[PDB]
């Protein structure tokens, strides 16, 4: 294998303007009991859908992203339980070349 690196805290992500973000909600022990899943953003429902019948993960994709996507997110499963919260900040930064002296 290869070595790995993990950094803490890792609940606040920087996201490039224009990219597509993938959110993977998961409820591996109890998925069978819930028929709806929603992505909550800043206290409101951002997206919602029926739970997947064939696996315990549910994906939401958002893009091309802009500054309206900046915010706090959590997955909520319902028939009601929430995940931890993650923060996203969408930024537009250019590739910058520093000249040699």
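Residue numbers count along the first chain shown, from 1.
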Handout entry: Deposited residues omitted from coordinates between residue 79 and residue 80, as a class
Key = 4 to 9
Exercise for the section: Would you tell me which stretch averages the higher CA B-factor in the PDB entry, 87-95 or 8-16? Expected result: 87-95
Handout entry: Which of 22-30 and 56-64 has higher mean CA B factor, as the PDB entry lists it
Key = 22-30
Handout entry: residue 49 - which third its CA temperature factor falls in, relative to the rest of the chain
Key = highest
